[PDB]
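With PDB, C-alpha atoms inside, this is data-v1.pdb:
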```pdb
ATOM      1  CA  UNK K   1       6.723  29.566  -3.681  1.00  0.00           C
ATOM      2  CA  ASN K   2       3.946  26.936  -3.803  1.00  0.00           C
ATOM      3  CA  UNK K   3       5.212  25.322  -7.111  1.00  0.00           C
ATOM      4  CA  UNK K   4       5.099  21.444  -7.090  1.00  0.00           C
ATOM      5  CA  UNK K   5       8.351  21.287  -9.196  1.00  0.00           C
TER       6      UNK K   5
ATOM      7  CA  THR P   1      -4.402   7.484 -19.257  1.00  0.00           C
ATOM      8  CA  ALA P   2      -1.424   9.141 -20.986  1.00  0.00           C
ATOM      9  CA  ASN P   3      -3.069  11.305 -23.767  1.00  0.00           C
ATOM     10  CA  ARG P   4      -3.040  15.143 -23.024  1.00  0.00           C
ATOM     11  CA  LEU P   5      -1.659  15.551 -19.465  1.00  0.00           C
ATOM     12  CA  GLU P   6       0.605  18.539 -18.528  1.00  0.00           C
ATOM     13  CA  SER P   7       0.877  18.381 -14.676  1.00  0.00           C
ATOM     14  CA  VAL P   8      -1.514  16.007 -12.836  1.00  0.00           C
ATOM     15  CA  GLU P   9      -1.306  17.649  -9.350  1.00  0.00           C
ATOM     16  CA  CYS P  10      -3.974  15.397  -7.654  1.00  0.00           C
ATOM     17  CA  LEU P  11      -6.300  12.350  -8.205  1.00  0.00           C
ATOM     18  CA  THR P  12      -9.457  11.137  -6.498  1.00  0.00           C
ATOM     19  CA  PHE P  13     -11.902   8.232  -6.953  1.00  0.00           C
ATOM     20  CA  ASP P  14     -15.752   8.127  -6.906  1.00  0.00           C
ATOM     21  CA  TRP P  15     -15.728   4.413  -6.007  1.00  0.00           C
ATOM     22  CA  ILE P  16     -19.562   3.976  -6.241  1.00  0.00           C
ATOM     23  CA  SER P  17     -19.789   5.360  -9.837  1.00  0.00           C
ATOM     24  CA  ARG P  18     -16.243   4.052 -10.802  1.00  0.00           C
ATOM     25  CA  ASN P  19     -15.007   7.548 -11.887  1.00  0.00           C
ATOM     26  CA  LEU P  20     -11.422   8.888 -11.489  1.00  0.00           C
ATOM     27  CA  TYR P  21     -11.115  12.723 -11.228  1.00  0.00           C
ATOM     28  CA  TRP P  22      -7.900  14.738 -11.666  1.00  0.00           C
ATOM     29  CA  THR P  23      -6.650  18.336 -11.714  1.00  0.00           C
ATOM     30  CA  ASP P  24      -4.150  19.602 -14.317  1.00  0.00           C
ATOM     31  CA  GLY P  25      -1.980  22.683 -13.529  1.00  0.00           C
ATOM     32  CA  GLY P  26      -0.916  23.303 -17.200  1.00  0.00           C
ATOM     33  CA  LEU P  27      -4.288  22.786 -18.947  1.00  0.00           C
ATOM     34  CA  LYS P  28      -5.799  24.571 -15.832  1.00  0.00           C
ATOM     35  CA  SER P  29      -8.830  22.215 -15.694  1.00  0.00           C
ATOM     36  CA  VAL P  30     -10.503  19.298 -13.860  1.00  0.00           C
ATOM     37  CA  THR P  31     -10.867  16.134 -15.981  1.00  0.00           C
ATOM     38  CA  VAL P  32     -13.050  13.147 -15.064  1.00  0.00           C
ATOM     39  CA  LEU P  33     -12.728   9.674 -16.600  1.00  0.00           C
ATOM     40  CA  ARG P  34     -14.634   6.381 -16.077  1.00  0.00           C
ATOM     41  CA  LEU P  35     -12.853   3.006 -15.686  1.00  0.00           C
ATOM     42  CA  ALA P  36     -15.543   0.773 -17.354  1.00  0.00           C
ATOM     43  CA  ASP P  37     -14.721   2.511 -20.701  1.00  0.00           C
ATOM     44  CA  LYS P  38     -12.100   5.300 -21.210  1.00  0.00           C
ATOM     45  CA  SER P  39     -14.744   8.088 -21.565  1.00  0.00           C
ATOM     46  CA  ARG P  40     -13.271  11.480 -20.422  1.00  0.00           C
ATOM     47  CA  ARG P  41     -14.413  15.166 -20.378  1.00  0.00           C
ATOM     48  CA  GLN P  42     -12.934  18.370 -18.858  1.00  0.00           C
ATOM     49  CA  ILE P  43     -15.825  19.127 -16.465  1.00  0.00           C
ATOM     50  CA  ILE P  44     -14.265  22.416 -15.099  1.00  0.00           C
ATOM     51  CA  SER P  45     -12.285  24.429 -17.655  1.00  0.00           C
ATOM     52  CA  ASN P  46     -10.734  27.783 -16.534  1.00  0.00           C
ATOM     53  CA  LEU P  47      -8.937  27.645 -13.160  1.00  0.00           C
ATOM     54  CA  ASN P  48      -5.574  29.342 -12.289  1.00  0.00           C
ATOM     55  CA  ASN P  49      -3.392  27.172  -9.962  1.00  0.00           C
ATOM     56  CA  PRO P  50      -5.834  24.374  -8.997  1.00  0.00           C
ATOM     57  CA  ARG P  51      -4.401  21.727  -6.611  1.00  0.00           C
ATOM     58  CA  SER P  52      -6.235  19.190  -4.351  1.00  0.00           C
ATOM     59  CA  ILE P  53      -9.541  17.643  -5.447  1.00  0.00           C
ATOM     60  CA  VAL P  54     -11.812  15.431  -3.288  1.00  0.00           C
ATOM     61  CA  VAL P  55     -15.205  13.841  -4.141  1.00  0.00           C
ATOM     62  CA  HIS P  56     -18.055  12.851  -1.768  1.00  0.00           C
ATOM     63  CA  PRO P  57     -19.884  10.086  -3.703  1.00  0.00           C
ATOM     64  CA  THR P  58     -22.943   9.850  -1.353  1.00  0.00           C
ATOM     65  CA  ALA P  59     -23.412  13.667  -0.970  1.00  0.00           C
ATOM     66  CA  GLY P  60     -22.737  14.173  -4.741  1.00  0.00           C
ATOM     67  CA  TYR P  61     -20.323  17.120  -4.085  1.00  0.00           C
ATOM     68  CA  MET P  62     -16.704  17.623  -5.215  1.00  0.00           C
ATOM     69  CA  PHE P  63     -14.245  20.141  -3.665  1.00  0.00           C
ATOM     70  CA  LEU P  64     -11.067  21.654  -5.120  1.00  0.00           C
ATOM     71  CA  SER P  65      -8.679  24.451  -4.129  1.00  0.00           C
ATOM     72  CA  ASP P  66      -7.179  27.246  -6.261  1.00  0.00           C
ATOM     73  CA  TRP P  67      -4.149  29.011  -4.728  1.00  0.00           C
ATOM     74  CA  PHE P  68      -3.967  32.025  -7.124  1.00  0.00           C
ATOM     75  CA  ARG P  69      -3.822  35.448  -5.372  1.00  0.00           C
ATOM     76  CA  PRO P  70      -7.671  35.612  -4.739  1.00  0.00           C
ATOM     77  CA  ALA P  71      -7.335  32.045  -3.336  1.00  0.00           C
TER      78      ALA P  71
END
```
Target encoding structure tokens, full file:
Amino acid sequence: XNXXX
Amino acid sequence: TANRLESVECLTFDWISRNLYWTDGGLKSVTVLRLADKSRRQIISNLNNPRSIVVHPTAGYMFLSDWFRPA
């Protein structure tokens, strides 16, 4: 996914 | 700044006007703040997954990207 965390 | 931040995914600086702009992934907004006095307002309010922001001080434009499904 493109989640920063 | 440390009041009301939830995920500050990017910063950028309008060096001519002395304004710092940032994007928040949890509030889902763009905030701007000035460094001469700590004045701040959410200038854009209802994004989805906003990420990068950039500001062109001379042209007066700002650009930001939302990566939600209709990106």
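Close contacts of residue 48 of chain P, defined as residues with an atom at most 7 Å away when counting only C-alpha atoms, with chain neighbours fewer than 4 positions off set aside, comprise residues 28, 66 and 68 of chain P.
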Pull out every residue of chain P that has at least one atom within 10 Å of chain K, counting only C-alpha atoms, and report them as a short mmCIF file (atom, residue, chain, number, x, y, z; two decimals) with C-alpha atoms, in the coordinates of the input.
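Wrote it out as result.cif, contents follow:
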```cif
data_model
loop_
_atom_site.label_atom_id
_atom_site.label_comp_id
_atom_site.auth_asym_id
_atom_site.auth_seq_id
_atom_site.Cartn_x
_atom_site.Cartn_y
_atom_site.Cartn_z
CA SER P 7 0.88 18.38 -14.68
CA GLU P 9 -1.31 17.65 -9.35
CA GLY P 25 -1.98 22.68 -13.53
CA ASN P 49 -3.39 27.17 -9.96
CA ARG P 51 -4.40 21.73 -6.61
CA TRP P 67 -4.15 29.01 -4.73
CA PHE P 68 -3.97 32.02 -7.12
#
```
Can you find the residues with an atom no farther than 6 Å from (-11.5, 8.0, -13.1), counting all atoms listed in the file, and report them as number ranges by chain?
P: 19-21, 32-35
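One distance worth recording is that between atom CA of residue 22 of chain P and atom CA of residue 52 of chain P, which is 8.7 Å.
Of note, atom CA of residue 27 of chain P and atom CA of residue 6 of chain P are spaced 6.5 Å apart.
Atom CA of residue 44 of chain P sits 5.0 Å away from atom CA of residue 30 of chain P.
Selection result for the displayed file, with the PyMOL selection byres ((chain P and resi 46) around 6) as criterion, is residues 28, 29, 45 and 47 of chain P.
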Reconstruct N, CA and C atoms of segment 44-68 of chain P; output as a PDB file, keeping the file's coordinate frame.
```
ATOM      1  N   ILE P  44     -14.522  21.004 -15.492  1.00  0.00           N
ATOM      2  CA  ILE P  44     -14.265  22.416 -15.099  1.00  0.00           C
ATOM      3  C   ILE P  44     -13.077  22.889 -15.930  1.00  0.00           C
ATOM      4  N   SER P  45     -13.098  24.120 -16.450  1.00  0.00           N
ATOM      5  CA  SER P  45     -12.285  24.429 -17.655  1.00  0.00           C
ATOM      6  C   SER P  45     -11.281  25.570 -17.464  1.00  0.00           C
ATOM      7  N   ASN P  46     -11.527  26.528 -16.558  1.00  0.00           N
ATOM      8  CA  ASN P  46     -10.734  27.783 -16.534  1.00  0.00           C
ATOM      9  C   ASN P  46     -10.393  28.147 -15.094  1.00  0.00           C
ATOM     10  N   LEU P  47      -9.496  27.365 -14.502  1.00  0.00           N
ATOM     11  CA  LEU P  47      -8.937  27.645 -13.160  1.00  0.00           C
ATOM     12  C   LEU P  47      -7.598  28.373 -13.320  1.00  0.00           C
ATOM     13  N   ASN P  48      -6.898  28.664 -12.216  1.00  0.00           N
ATOM     14  CA  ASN P  48      -5.574  29.342 -12.289  1.00  0.00           C
ATOM     15  C   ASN P  48      -4.444  28.422 -11.824  1.00  0.00           C
ATOM     16  N   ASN P  49      -4.353  28.149 -10.521  1.00  0.00           N
ATOM     17  CA  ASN P  49      -3.392  27.172  -9.962  1.00  0.00           C
ATOM     18  C   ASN P  49      -4.171  26.143  -9.142  1.00  0.00           C
ATOM     19  N   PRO P  50      -5.044  25.325  -9.756  1.00  0.00           N
ATOM     20  CA  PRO P  50      -5.834  24.374  -8.997  1.00  0.00           C
ATOM     21  C   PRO P  50      -4.921  23.258  -8.484  1.00  0.00           C
ATOM     22  N   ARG P  51      -5.181  22.814  -7.249  1.00  0.00           N
ATOM     23  CA  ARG P  51      -4.401  21.727  -6.611  1.00  0.00           C
ATOM     24  C   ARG P  51      -5.342  20.609  -6.157  1.00  0.00           C
ATOM     25  N   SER P  52      -5.532  20.390  -4.847  1.00  0.00           N
ATOM     26  CA  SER P  52      -6.235  19.190  -4.351  1.00  0.00           C
ATOM     27  C   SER P  52      -7.640  19.126  -4.944  1.00  0.00           C
ATOM     28  N   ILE P  53      -8.108  17.909  -5.191  1.00  0.00           N
ATOM     29  CA  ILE P  53      -9.541  17.643  -5.447  1.00  0.00           C
ATOM     30  C   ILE P  53      -9.958  16.500  -4.524  1.00  0.00           C
ATOM     31  N   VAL P  54     -11.201  16.541  -4.059  1.00  0.00           N
ATOM     32  CA  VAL P  54     -11.812  15.431  -3.288  1.00  0.00           C
ATOM     33  C   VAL P  54     -13.266  15.316  -3.735  1.00  0.00           C
ATOM     34  N   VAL P  55     -13.808  14.097  -3.702  1.00  0.00           N
ATOM     35  CA  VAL P  55     -15.205  13.841  -4.141  1.00  0.00           C
ATOM     36  C   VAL P  55     -15.931  13.101  -3.025  1.00  0.00           C
ATOM     37  N   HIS P  56     -17.169  13.516  -2.750  1.00  0.00           N
ATOM     38  CA  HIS P  56     -18.055  12.851  -1.768  1.00  0.00           C
ATOM     39  C   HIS P  56     -19.133  12.110  -2.552  1.00  0.00           C
ATOM     40  N   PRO P  57     -18.944  10.811  -2.849  1.00  0.00           N
ATOM     41  CA  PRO P  57     -19.884  10.086  -3.703  1.00  0.00           C
ATOM     42  C   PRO P  57     -21.335  10.090  -3.201  1.00  0.00           C
ATOM     43  N   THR P  58     -21.561   9.912  -1.894  1.00  0.00           N
ATOM     44  CA  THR P  58     -22.943   9.850  -1.353  1.00  0.00           C
ATOM     45  C   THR P  58     -23.593  11.237  -1.413  1.00  0.00           C
ATOM     46  N   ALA P  59     -22.875  12.288  -0.990  1.00  0.00           N
ATOM     47  CA  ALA P  59     -23.412  13.667  -0.970  1.00  0.00           C
ATOM     48  C   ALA P  59     -23.484  14.239  -2.389  1.00  0.00           C
ATOM     49  N   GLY P  60     -22.707  13.701  -3.344  1.00  0.00           N
ATOM     50  CA  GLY P  60     -22.737  14.173  -4.741  1.00  0.00           C
ATOM     51  C   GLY P  60     -21.924  15.439  -4.956  1.00  0.00           C
ATOM     52  N   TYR P  61     -21.134  15.887  -3.969  1.00  0.00           N
ATOM     53  CA  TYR P  61     -20.323  17.120  -4.085  1.00  0.00           C
ATOM     54  C   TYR P  61     -18.871  16.768  -4.403  1.00  0.00           C
ATOM     55  N   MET P  62     -18.167  17.713  -5.026  1.00  0.00           N
ATOM     56  CA  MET P  62     -16.704  17.623  -5.215  1.00  0.00           C
ATOM     57  C   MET P  62     -16.091  18.960  -4.793  1.00  0.00           C
ATOM     58  N   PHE P  63     -14.883  18.924  -4.217  1.00  0.00           N
ATOM     59  CA  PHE P  63     -14.245  20.141  -3.665  1.00  0.00           C
ATOM     60  C   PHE P  63     -12.826  20.240  -4.191  1.00  0.00           C
ATOM     61  N   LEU P  64     -12.436  21.437  -4.616  1.00  0.00           N
ATOM     62  CA  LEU P  64     -11.067  21.654  -5.120  1.00  0.00           C
ATOM     63  C   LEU P  64     -10.609  23.063  -4.762  1.00  0.00           C
ATOM     64  N   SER P  65      -9.295  23.220  -4.664  1.00  0.00           N
ATOM     65  CA  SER P  65      -8.679  24.451  -4.129  1.00  0.00           C
ATOM     66  C   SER P  65      -7.857  25.111  -5.230  1.00  0.00           C
ATOM     67  N   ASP P  66      -8.016  26.431  -5.359  1.00  0.00           N
ATOM     68  CA  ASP P  66      -7.179  27.246  -6.261  1.00  0.00           C
ATOM     69  C   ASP P  66      -6.376  28.198  -5.382  1.00  0.00           C
ATOM     70  N   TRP P  67      -5.053  28.208  -5.577  1.00  0.00           N
ATOM     71  CA  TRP P  67      -4.149  29.011  -4.728  1.00  0.00           C
ATOM     72  C   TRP P  67      -3.670  30.293  -5.412  1.00  0.00           C
ATOM     73  N   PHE P  68      -4.281  30.710  -6.524  1.00  0.00           N
ATOM     74  CA  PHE P  68      -3.967  32.025  -7.124  1.00  0.00           C
ATOM     75  C   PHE P  68      -4.308  33.126  -6.113  1.00  0.00           C
TER      76      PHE P  68
END
```
